[PDB]
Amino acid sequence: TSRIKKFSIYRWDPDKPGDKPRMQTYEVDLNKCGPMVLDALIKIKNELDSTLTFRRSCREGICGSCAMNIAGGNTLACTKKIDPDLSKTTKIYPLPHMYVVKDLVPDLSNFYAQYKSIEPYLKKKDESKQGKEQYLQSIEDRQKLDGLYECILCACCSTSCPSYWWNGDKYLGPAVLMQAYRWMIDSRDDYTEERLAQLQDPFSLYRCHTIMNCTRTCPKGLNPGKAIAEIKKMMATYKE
C-alpha cells in the first residue's frame, strides 16, 4: 500500500523574476518518508524537484534554520509532524510579510541587524579583569535566565506579530526584545538602565499591543509576550 499526501508549496525564482509567485503541489508517499515536514521537503528535493529551495541544517529543531509557515502557523519544519490526514493538503509558505530571496527562503538581514542593535553581550563597568576568574552567579540568579537563553533566533515569533508586519522597520519585535530582557536581568551585566533607556521611543518596544501571537507560535515553548510585559514594568519604574 501507499499513503499519498499532498503539499502545496510557495514558489518564486529570482532568476525568472517575471514569473509571479505561485503554489506547486507535490504528492509524497508517507510510508517512504520521515515523520516531519522537513523530511517531506528533503524527499521532494531529492526525488521530485531539485529546484525546490529552503534553508535547513540540524534536524532536531536547535539551529533555527528551517522556520516557515505550515498550515497557517510559523514553526520549524524539522519538528513539525506531517498531518497524516490524506484528504487535507498542507500549505507551506515563507515566514510571513518578509522579502523572499527564493521559494521558502526569506531575507532575515533586518532581523539580524535589529538583534545587533541591542548589544547582546555581557557588559561590565570594568572589563579589564576579563579572563582571570569565574564571575560568581547564584543558582537563584541563574534561574532567572531560564526561558530566555534558550531562544534559537528562528524569527517565528516576530514574523507572526501584526505590529512587526506593519512596523518591522522600527519595532524591534518579540525575539529581539526578549533577548534585550535576557541581558537586562543577567546579574552579571551592569548596563540595565542603558538597555532600558535604549527603548525610550514610540516604536522599539511600544508597538507591542499584547496580541500574543509570538508566545502561541514559539516552537521552543518560550514566552516573549511575558518578557515584553516585564520590560514595560521595568520601563515604568526604573529611576533616572
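Residue positions are given as counts along the sequence shown, with the first one as 1.
As the entry records it, the average C-alpha temperature factor is higher for 86-94, out of 157-165 and 86-94. For the pair 180-188 and 25-33, the mean Cα B-factor is higher in 25-33. When all modelled residues of the chain are sorted by CA temperature factor, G73 is found within the middle third. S138: CA B factor in the middle third of modelled residues in this chain (values from the PDB entry). For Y206, the recorded CA B-factor ranks within the highest third of the chain. Only modelled residues enter the ranking.
When the modelled residues of the chain are ordered by their C-alpha B factor, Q114 lands in the lowest third. Among the modelled residues of its chain, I9 has a C-alpha B-factor that falls in the middle third, as given in the PDB entry.
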